[PDB]
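Below, in structure tokens: the form deposited in one PDB entry, a single chain.
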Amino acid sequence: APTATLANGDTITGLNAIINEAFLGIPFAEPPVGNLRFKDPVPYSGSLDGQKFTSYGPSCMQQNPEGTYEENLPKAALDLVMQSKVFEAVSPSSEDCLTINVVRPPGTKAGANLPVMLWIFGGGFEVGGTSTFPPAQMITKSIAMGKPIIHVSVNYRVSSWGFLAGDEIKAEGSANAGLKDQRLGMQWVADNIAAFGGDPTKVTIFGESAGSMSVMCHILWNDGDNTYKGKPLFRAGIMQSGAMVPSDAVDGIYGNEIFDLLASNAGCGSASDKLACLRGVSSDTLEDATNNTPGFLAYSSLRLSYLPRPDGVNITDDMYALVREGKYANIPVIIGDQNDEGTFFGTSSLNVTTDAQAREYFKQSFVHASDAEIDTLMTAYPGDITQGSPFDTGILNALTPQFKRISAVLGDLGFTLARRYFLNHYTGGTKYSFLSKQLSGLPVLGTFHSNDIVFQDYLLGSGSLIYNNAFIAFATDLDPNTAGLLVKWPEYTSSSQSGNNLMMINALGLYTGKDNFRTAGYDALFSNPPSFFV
């Protein structure tokens, strides 16, 4: 059976899956339960000696994506599904969920010094777990390429459990617990990966959506100091859909509103110390209270109840400002997007049909935007249905007169144009960028968010050439071009550069293009980034 002797002398046993060897469910932190709730993770102090790690542990508690303080069918329906004994069995979750998984090529031994790809899952900082991201496809392809890599994934707390904010959390120093879970896992990798055959100096961090934004936060963490015991925790990063988070401070307006609401929901509205009151309620009570705060699919949509927020200590300031000021780790990166990131999320506001309703929804969502800014946004992202997302689909997909428009805004501010802003200011290392149009023609959604996960972990498609091959070559040589693709991937310097600067994907394969689309929207959005923060 696969075996590894940890840093502390413990010898653990893994699972031989023939095509790979896996050590699943290794605890890396003490269970963040009871009075440890919402607090920084504590290193796991214990003996794993003689233990087997052959199964993924439970995921952290999950929030109902349709959750909200209102009562409705979608909410009721998902809750029915999520509280079912069958669901509970196929997808177990718990507050004791801080585990890490290591999967490697068969026959890998300590000292192999293989590059390490550390995965951070997406899920709108509200749902997610490591078990739904099979590494077999990545690993198998890495062996066939003669560029074997070791795959590592870490669970982290999501929703209220991991991203609670407000005055109290700030005062306590407990901001961004979920990001701190990810950081500890990185330290565990630095300390223990050599035992599994990986090289701690060849770690590439990567993630999708919420995970991609997590990677960005890790680049910006501690003002760019990514070292642990005198050595950097990662040498590169891959960002699949997501750059800086456009959020106000942890003690800002919305961070405080959500905290108070959750507190009222849990029955802590009258406590003098709501935080200690929240630590005392049962898991069921807390879970209920959380499902009564907006989930990412509810009307509020991407104005998330829980997400990374600057705290003045680990994330010292507005993330857009950190990027302009050079406060980041200096590493080579790959950051890309799916053509139609906002369509799925745009389905959350299908009761908005007129321009007057659109303007009001935008006003409600962006509390810091002036009417002039709102008017500018609505000029840059017009009612014209041929102009919205799914992009380039003409009069098709008109679920409502505003859907394609709202989808265009959501995708651009949340991901696509945010990426361009990062790329235009980042001088930390070499940059590579891609844009996928692999699913052009798919009704309603187009090349929507997360489809890349399918072509990276489940099915093979033209996109796999990038999601697997190119990514593996980057993690190995810090240049995606060593993958030996037919289309050379050009370095990205700025969006105003002459010549193609984007690697592109369609159903047939790869080709290059330019990152010069929707320049009007970019200015509308980023002339003053803080006007559109949540």
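We call the rigid core the largest set of C-alpha positions that still match within 1.5 Å between the two forms. Numbers follow the displayed sequence, beginning with 1. Residues that one form lacks are left out of the comparison.
The protein also exists as the form deposited in another entry; that form is not presented, and the subsequent description refers to it.
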Problem set entry | Position with Cα shift of 2 Å or more, rigid core superposed between this form and the one not shown, options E71, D392, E360, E172 | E71
Problem set entry | Flag for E88, CA shift 2 Å or larger between this form and the one not shown after aligning core | yes
Problem set entry | Comparison of CA distance in that other deposited form with shown form for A76, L261, at least 3 Å | farther
Exercise. So the C-alpha spacing of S349 and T68 changes by 3 Å or more in that other deposited form; is that change toward closer or farther than shown?
Worked result: closer
Exercise. If you overlay the rigid core, what runs of at least 3 residues show Cα shifts of 2 angstroms or more between this form and the one not shown?
Worked result: 67 to 91
